[PDB]
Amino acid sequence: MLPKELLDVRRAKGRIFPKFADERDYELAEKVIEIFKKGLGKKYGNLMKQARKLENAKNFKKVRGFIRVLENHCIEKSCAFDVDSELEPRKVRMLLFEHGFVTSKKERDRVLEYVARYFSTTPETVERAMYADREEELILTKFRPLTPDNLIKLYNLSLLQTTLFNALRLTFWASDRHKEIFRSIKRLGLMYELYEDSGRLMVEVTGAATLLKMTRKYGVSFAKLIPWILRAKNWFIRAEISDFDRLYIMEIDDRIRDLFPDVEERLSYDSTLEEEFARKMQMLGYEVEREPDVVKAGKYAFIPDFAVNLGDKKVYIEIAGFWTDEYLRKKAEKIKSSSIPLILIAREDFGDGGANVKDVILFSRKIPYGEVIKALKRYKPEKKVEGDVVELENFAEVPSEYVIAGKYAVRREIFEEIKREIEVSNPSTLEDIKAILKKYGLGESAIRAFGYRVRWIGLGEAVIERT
């Protein structure tokens, strides 16, 4: 949220620690809030200007970071503005832009006088109205008060999460709130790998943030995970950030919980990227029983998203969004090693196209609910070791269905030889095809495949006898 240029960090030998703000900084934060409070009716750019005159050599990194964060909050959440014009700026500018583009003062005046005539006004009023709904030209009407502790805590949260936006990968641990933090990971859909290592009963989680493709898209959802993390009672976070020749490492702790705002579960204005788990659990509900609300893991830890109920065992499925070739190969070798079902379906139209997986891969498109359904229908429940069904197969147990047939199966080559022998020998009788076929593997109910149907052409029907 806070720009990487205006980043106030201490540069250590091999570490990096964000110089957070605290109650030592109350007095300032109050001063920058007061001129927004006292400057209602003032052009929002002029308040921005005043707030930045409070800038000097010692405070500039944070008095600027304050103005930025308050600005965002005021704009996005806690303020209401008036446009200082009688004209709607979108209307003015679209009529202007619809009259071509101008490359001279003369034709520029022509279109202005043309638009001014339309809006029953002067050209200067049209030139003012054009971008009058720009933040800095807006008139501040309602600023709701912020307590300077609030602003400081926000500054620390954005300053924390903008450092993390620039990092390559980060690993943390949380005491409480595993499930909803997990659910936040999945809807955000960043590539993960959870490990029960360097600890006991402690799930350690890792995730990358500095990618080659779509680096900002998931760079901006990566920092959207951190308030859920900071929402537990205890957490130990370390990250690996680098843009130099070498890397720096930071580590923040739950003892800094007093520096960041309290944020209960927001959970608003979305389907939570669970399009399939919410609508196509119903498409799969017609075929088998399913449970989108799943929590599972094996010897190592993998986050499922859906579950397929088979009687012998269940099939886990994961529907994460983000992916990369090098980043998928690690998560993929684990699913086969532990022999866990772990059905995986990615977005082949959103990420970059590299080399699809040899054994287990799923592609996606505009409507890919089938492209992965082709590989997924092959749940393959314990299909690696299969015995011979030629004989045995509970023969002692029950021969109730053991009346089908008697002996071995024919070979395609031999089958092709008998077919070739049958196409040319010219049979027309049952007693004529029976002898040609009895020479090699006799059997009556064995003209199943030769295209012949035996037919009693006489008067009446075919009799039977007891054996």
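Just count from 1 along the sequence shown to find any residue number.
Mean C-alpha B-factor is higher over 323 to 331 than over the other stretch, the pair under comparison being 77 to 85 and 323 to 331. Comparing 53 to 61 with 433 to 441, the higher mean C-alpha B-factor in the PDB entry belongs to 433 to 441. The residue among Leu159, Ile152, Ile181, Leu273 whose C-alpha atom has the highest B-factor in the PDB entry is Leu273.
Between the residues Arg216, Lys224, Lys366, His99, the entry's highest C-alpha temperature factor is the one at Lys366. Annotation for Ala405: C-alpha temperature factor in the middle third relative to the rest of the modelled chain, per the entry.
For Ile139, the recorded CA temperature factor ranks within the lowest third of the chain's modelled residues. When the CA B factors of the chain's modelled residues are split into thirds, the value for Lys314 lands in the highest one.
In the PDB entry, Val308 places in the highest third of its chain by CA B-factor. Residue-level temperature factors show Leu40 in the lowest third of its chain, judged at the C-alpha atom.
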